[PDB]
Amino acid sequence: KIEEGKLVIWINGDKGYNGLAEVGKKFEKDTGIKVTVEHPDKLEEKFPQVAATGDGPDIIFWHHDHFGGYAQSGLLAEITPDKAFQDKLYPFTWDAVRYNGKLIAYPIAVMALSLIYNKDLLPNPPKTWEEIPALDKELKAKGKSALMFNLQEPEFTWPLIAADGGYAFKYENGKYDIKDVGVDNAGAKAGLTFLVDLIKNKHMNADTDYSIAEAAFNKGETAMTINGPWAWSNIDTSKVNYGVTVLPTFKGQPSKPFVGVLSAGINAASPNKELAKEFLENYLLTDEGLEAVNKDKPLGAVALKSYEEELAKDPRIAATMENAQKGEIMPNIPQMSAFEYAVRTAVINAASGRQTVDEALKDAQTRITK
């Protein structure tokens, strides 16, 4: 079982764990409570294993959508921030950590895709998807293309498809209606048709994937790409003079990317729930706390209003949060699995001609709602 009188924290070792450990040291100095941070390989898979036998870390950091499965297994303790604390973070982030009407984790950071552009090729990036065709023809005259991004995964194609009305699962009253899927409505059809038309008109290639798109942008062959905060470092090394901004609109409406929320949950079997809450609320989710974590490894945008306003001074972070706020929270229900499979196939089939847009989405909708 977990030891009382101390805190063990788990988080992927590639994130700012050193920062969390520093906040832990500060905690130990003020309370005498030792905080040990660990980053086991595949800790996300190990948590349910050790948590089952009443073992594991007191606190676990991971993406919100995954906490859904954890909460269904009752592995997470319900957190109870007072209204004063909840007001410290952006409202939409609390929605990401709510399971069956209960709050099961503290939101930490927010990730979402943004439009990334080459400032030398396009000092002023386009605000609309509609302009992409004309922009590409202009750039092609100079041996450059307008846009290249991963068309193989729903995470990257969904922003446009959802813009005019598409959606995964209808969210209402803090609950997802698994029988109300918006994959084959008029909005989704319009979005995918535009995407497919771009391919038919040679402005994009159906085979472009993550690596192909990243190489093209980082080598200055294409003026724009679509990616997240995790791709910036690779661009920094390429020396490309890039900018990060709000995604283009479609039919005057904002692209809606899925939003991922790094969250901190408390082990249901932890005998240190009170101290765990004190650490997270009064030490980590503070400007100094998040700053320590962010300096170790960039968090992207954060859920804490006060610190996000500071980080937002970086236009890349401001763009990340803007797209996140206009986006769709990644559903934390098991049905998203079918949604991902279904939509990935639908997009590939429509982009290749194997199916029309209407047929591809109709089949995806059917499967998802089965």
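Sequential numbering from 1, following the sequence displayed.
Set 277-285 against 88-96 and average the Cα temperature factors; 88-96 ends up higher. When the two stretches 245-253 and 264-272 are set side by side, the higher mean Cα temperature factor goes to 264-272. Highest C-alpha temperature factor among 57, 48, 327, 315, as the PDB entry reports it: 48. Taking the PDB entry at face value, the top CA B factor among 339, 61, 70, 27 belongs to 70. Ranked within its chain, residue 65 lands in the highest third, by CA B factor from the PDB record.
Compared with the other modelled residues of the chain, the Cα B-factor recorded for residue 14 ranks in the middle third. Among the modelled residues of its chain, residue 149 has a C-alpha B-factor that falls in the middle third according to the deposited record. Among all modelled residues in its chain, residue 126 ranks in the lowest third by Cα B-factor. Among all modelled residues in its chain, residue 213 ranks in the middle third by Cα B-factor.
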